[PDB]
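Trainee: Structure provided below as structure tokens; questions to follow.
The numbers here are math on the coordinates, done by the rules we state, and not lab data. Ideal geometry is used to build each Cβ from the backbone, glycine not excepted, and the neighbour counts take in all protein chains shown.
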Amino acid sequence: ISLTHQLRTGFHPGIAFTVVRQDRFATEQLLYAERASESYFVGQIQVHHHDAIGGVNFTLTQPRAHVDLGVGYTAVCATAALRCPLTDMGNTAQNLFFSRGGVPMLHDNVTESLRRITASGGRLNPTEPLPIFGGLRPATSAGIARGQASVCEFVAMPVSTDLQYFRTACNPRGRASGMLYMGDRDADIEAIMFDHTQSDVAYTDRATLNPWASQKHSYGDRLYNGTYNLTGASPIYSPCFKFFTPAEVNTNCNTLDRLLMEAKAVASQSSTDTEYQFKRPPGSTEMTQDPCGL
Amino acid sequence: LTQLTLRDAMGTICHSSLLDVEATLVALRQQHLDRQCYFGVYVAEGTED
Amino acid sequence: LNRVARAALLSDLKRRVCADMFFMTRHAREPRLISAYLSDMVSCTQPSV
Amino acid sequence: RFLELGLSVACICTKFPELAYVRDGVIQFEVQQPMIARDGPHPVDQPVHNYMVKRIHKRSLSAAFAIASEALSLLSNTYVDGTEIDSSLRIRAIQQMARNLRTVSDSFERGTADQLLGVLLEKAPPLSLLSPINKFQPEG
Amino acid sequence: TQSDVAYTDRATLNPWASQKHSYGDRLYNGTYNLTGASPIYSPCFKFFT
Amino acid sequence: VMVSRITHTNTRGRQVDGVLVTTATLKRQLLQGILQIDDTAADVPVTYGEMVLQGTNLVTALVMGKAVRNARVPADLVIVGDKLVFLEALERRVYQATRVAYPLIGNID
Amino acid sequence: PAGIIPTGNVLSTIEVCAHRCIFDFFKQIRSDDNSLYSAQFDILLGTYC
Amino acid sequence: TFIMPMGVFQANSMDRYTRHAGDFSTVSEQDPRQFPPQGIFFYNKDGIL
């Protein structure tokens, strides 16, 4: 209740805060193309049958199939800007009490002075009495003028040096790097992704990014990992759900043609819905892109 | 341009998963802890002196 | 366009209300582009029979 | 139209309308590769070859319109009953299914360009790297 | 029943007032009328609601 | 490899090329001042296909079971390198004025 | 259900259902089945060189 | 092969000239451009000091 003191009024603290940026960046499409091998067939209209409400029917017909005969394959393109330009912003927080799993009870009503005295600095703020255990559809909120909560997801990068790594290159969980894909071999990602032997996969001028988080099962990302329940009770793409996580080796891993073969679709992250940013209900397998995967 | 000066991190890290001791240390149990002994940590009650 | 793409295209409706349509009125300077004031709307916003 | 425009010559005329009494296509083609050796004392290299084995996709169908009970509702006649005066009945019976089975049986004639760029635009990503797909790899 | 509309994160910049009526609704609106007597045009009646 | 009979080009003798997409203003940008119009008259074909079988070869194929093996138009010519190329692209032929959606432009993080 | 022309006529009218312990494959259809009608076969598309 | 000096200190007093009044000064009481340098800062393979 003092830590956020020096969150709340005049001593900018012993801690601090930040931003990044989330939006809607729509992308249309042009490309080159050469001669005749895409083969195109033409045909007729086949069946079943059934009846209904008032209606019976022609949705029957004319089925296709197709061919992947490829030594290599074929399509290349250089490109154009955005259209007239779509981008809008602005500021506050994220969620960690909608959903359950914890343990009981020998102090309450004053941290009851802490979402009745916590949830600060922006639109709309929460509740009093605390029932249990649900999927949780509630009250009324707002419809659209600027920012579906266009909002953060904190990382942080303690502290210090001279003038080129936040003055030249750089990014959020640490180093211009690369776990080594397909090469020497694929059962070393505990001392190339977990333990240690040498100097820096980029910036060996000094050893990793910020003095206190650079291995296995730790805290500020204890915000993050995902077997036991926080892909189970409050659903999140979460700030990141592939920045510290399971990625790939058991099918087709041979440096080059899967240099044509892995950055894709999984059950995933952040697309066009409305108002603050959910995760799983039923209902929508679309296939947005995500430049910036691995 | 727009401000962001002085107002919010208090819906926010009064947070629960930081006091943290079951499962993390758990997931790294079983070794032999690297060269380190007391410097001094034990304690006592007087000294009958 | 339900709650995502119907609030920020007509967000594309006050910019091309607030920089560019006085585009040959102002200075003696910056001329010929038939492109987006002159060469973008008699054939791609439409006719009848 | 689909002759004189463009929206097709890059494919091949080969044959199956009624498709799939055809089960079964894993169809392929080699490349032979010939004898390289360098000049200079450098290692083994062979007249090598590449043949090929397989997997491929698809995405279920139909195309649209839907209304009420005309069919039987006056399909009960057909050469006795209805003798005198349904003039505008069949009058208004001639013009209104030539414009939506002319425009409602050419929907897959609104169907055959957007499932060959949803895996021709959903099996091909981005650019800056092709360009050194011809400046960094012939020998290795 | 909650936050706001227009401009999301602060229900004011300079403080003092934003629901129905006192010096608050008439000094541009349309249900009780004291822009006074006879013929109004320096206009903002239909500049309040 | 290339092999077939004849024909596809600009207007004097020999063959060709592929396939395409987007929308509207870029046609209108290499028009005011860099490129320009590029070839003239085309004797170019008209149709699809058909086929004729019944007897001993599907005797291979109904009881055991596998299976082994001009009309003028400007839709016309632009040029890129020392070629030609072509540009008048799909926003003149399909689908106005109603109510659902698909792949395409929209948004990306 | 081979559709090929039969080679020879079998001169034995006995209930083969009794001796199901010989042969390798045994199906009895009472009158007819739609399993009789399935024309699945296995495509090539040619030589490439 | 690239070459760079590191701890070189310009001994001659006339060489410790600044191109204007403070063409490298401070707010602190002691302008520590007078202290001998101890490092060298070069653009990497990468545009990186």
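Trainee: Kindly provide the helix-only [θ] at 222 nm of chain D, computed as the sum of -39,500 (n - 2.57) over DSSP H runs of four or more divided by all residues, to the nearest 500 deg cm²/dmol?
Mentor: On the way: 3 runs with 16 residues, N = 140.
Taken over chain D, the calculation gives -2500 deg cm²/dmol.
Trainee: Something else now. List the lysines whose Cα sits under 22 Å from the Cα of D:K15, skipping any in the same chain fewer than 8 residues away.
Mentor: D:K54, D:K58, F:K66
Trainee: Going by amide H atoms built from the backbone, whose H comes under 5 Å of the H on A:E34, apart from near neighbours?
Mentor: For A:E34, the qualifying residues are F:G18, F:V19.
Trainee: OK, next. Using 0.36 nm per residue of separation minus the Cα-Cα distance, give me the extension gain between A:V110 and A:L130 in nm, one decimal. Walk me through the numbers before you get to the answer.
Mentor: Values: separation 20, 0.36 × 20 = 7.20 nm, distance 1.42 nm.
So the chain would gain 5.8 nm between A:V110 and A:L130.
Trainee: List residues of the range A:233-253, by number, whose backbone nitrogen lies under 19 Å from a label position 7 Å along Cα→C-beta of A:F98.
Mentor: A:233-242
Trainee: Sequence-distant or interchain residues sharing an amide H contact under 5 Å with F:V78, placed H: which?
Mentor: F:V85, F:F86, F:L87
Trainee: Still on this structure, please answer the following. Which order do the peptides F:33-40, C:1-8 take when ranked by the mean count of other beta-carbon atoms within 10 Å per residue, highest first?
Mentor: Values: F:33-40: 11.4, C:1-8: 15.2.
Ranking the peptides F:33-40, C:1-8 by packing returns C:1-8, F:33-40.
Trainee: Once you keep just the Cα pairs under 8 angstrom separated by 6 or more residues, what percentage relative contact order results for chain E? Can you show the working numbers first?
Mentor: Working: 24 pairs, mean separation 14.1, N = 49.
About 29 percent, as a whole number.
Trainee: Please state the shape class of the range G:1-40: rounded when a/c is under 1.5, otherwise prolate if a/b exceeds b/c and oblate if not, all from the C-alpha gyration tensor.
Mentor: Working: a/c = 1.91, a/b = 1.34, b/c = 1.43.
Note, shape of the range G:1-40 comes out oblate.
Trainee: Working only with C-alpha atoms, what are the Rg and Dmax values of the protein assembly as shown, expressed in angstrom?
Mentor: When restricted to Cα atoms, the protein assembly as shown yields Rg and Dmax of 37.1, 132 Å.
Trainee: I'd like the Karplus ³J(HN,Hα) series for the range F:98-109: coefficients 6.51, -1.76, 1.60, θ = phi - 60°, whole numbers in Hz, and an x wherever there's a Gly or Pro.
Mentor: Once rounded to whole Hz, the list reads 6, 10, 7, 9, 5, x, 3, 8, x, 6, 7, 10.
Trainee: Is the C-alpha gyration tensor of chain A telling us rounded, prolate or oblate? Criteria: a/c under 1.5 is rounded; beyond that, a/b larger than b/c is prolate, otherwise oblate. Don't jump to the answer; show the numbers that get you there.
Mentor: Working: a/c = 1.98, a/b = 1.28, b/c = 1.55.
It comes out oblate by the Cα gyration axes.
Trainee: Counting other C-beta atoms within 10 Å, and keeping those with at most 15, which DSSP coil chymotrypsin sites (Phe, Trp or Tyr not before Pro) do you find in the range D:31-111? Kindly include the intermediate steps, with their values, before the conclusion.
Mentor: Working: sites: D:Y51, D:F65, D:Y79, D:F108; in loops: D:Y51, D:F65, D:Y79.
Of the chymotrypsin sites (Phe, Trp or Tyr not before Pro), the ones in loops of the range D:31-111 whose Cβ has at most 15 other Cβ atoms within 10 Å are D:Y51, D:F65, D:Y79.
Trainee: Which whole-Hz couplings ³J(HN,Hα) result when phi for each residue of the range F:34-46 is put into the Karplus expression 6.51 cos²θ - 1.76 cosθ + 1.60, θ = phi - 60°, listed in order with x for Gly and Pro?
Mentor: 9, 8, 3, 3, 8, 4, 10, 8, 9, 8, 10, x, 9
Trainee: H:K45: which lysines have alpha carbons under 28 Å from its alpha carbon, excluding same-chain residues fewer than 8 sequence positions away?
Mentor: Those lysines meeting the cut-off are D:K135.
Trainee: Rg and Dmax in Å for the range F:59-98, alpha carbons only: what are they?
Mentor: Reported Rg and Dmax, both Å: 22.4, 55.
Trainee: I need the shape label for chain F. Rule: rounded when a/c is under 1.5, else prolate if a/b > b/c, else oblate, with a, b, c from the alpha carbon gyration tensor.
Mentor: Details: a/c = 2.60, a/b = 1.48, b/c = 1.76.
Oblate is the answer for chain F, as a/c is 1.5 or above yet b/c matches or exceeds a/b.
Trainee: Just to confirm the filter: which trypsin sites (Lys or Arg not before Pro) across the range D:103-138 are DSSP coil and have at most 16 other Cβ within 10 angstrom of their Cβ? It would help to have the intermediate numbers written out before the result.
Mentor: Values: sites: D:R110, D:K123, D:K135; in loops: D:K123, D:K135.
Counting only loop positions with at most 16 other Cβ atoms within 10 Å, the trypsin sites (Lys or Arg not before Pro) in the range D:103-138 are D:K123, D:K135.
Trainee: Mind checking chain E for chymotrypsin sites (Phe, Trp or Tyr not before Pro) that DSSP puts in a loop (not H, G, I, E or B) and that have at most 13 other Cβ atoms within 10 Å? The partial results should precede the final answer.
Mentor: On the way: sites: E:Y7, E:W16, E:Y23, E:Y28, E:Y32, E:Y41, E:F45, E:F47, E:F48; in loops: E:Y7, E:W16, E:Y23, E:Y28, E:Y32, E:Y41, E:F48.
Filter output for chain E: E:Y7, E:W16, E:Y23, E:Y32, E:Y41, E:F48.
Trainee: Report ³J(HN,Hα) in whole Hz for each residue of the range D:41-50, in order, from the Karplus equation J = 6.51 cos²θ - 1.76 cosθ + 1.60 where θ = phi - 60°; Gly and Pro get x.
Mentor: Result, ordered by residue: x, 10, x, 4, 6, 10, x, 9, 8, 9 Hz.
Trainee: Name the long-range amide H neighbours of D:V22: under 5 Å, sequence gap of 5 or more, or other chain; modelled H, no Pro or chain starts.
Mentor: Excluding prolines and chain starts, which carry no amide H, the hits are G:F41.
Trainee: Under a point spin-label approximation (7 Å from Cα along Cα-to-Cβ), what is the F:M64-D:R38 distance to one decimal in nm?
Mentor: Result: 5.2 nm between the two label points.
Trainee: So which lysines can A:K264 reach, going by Cα to Cα under 17 Å and dropping same-chain residues fewer than 8 places off?
Mentor: A:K242, D:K123
Trainee: Here's another thing I want to ask about it. Averaged over A:213-220, how many beta carbons belonging to a partner chain fall within 10 Å of each residue's beta carbon?
Mentor: On the way: counts 0, 0, 1, 3, 7, 2, 4, 1.
That average works out to 2.
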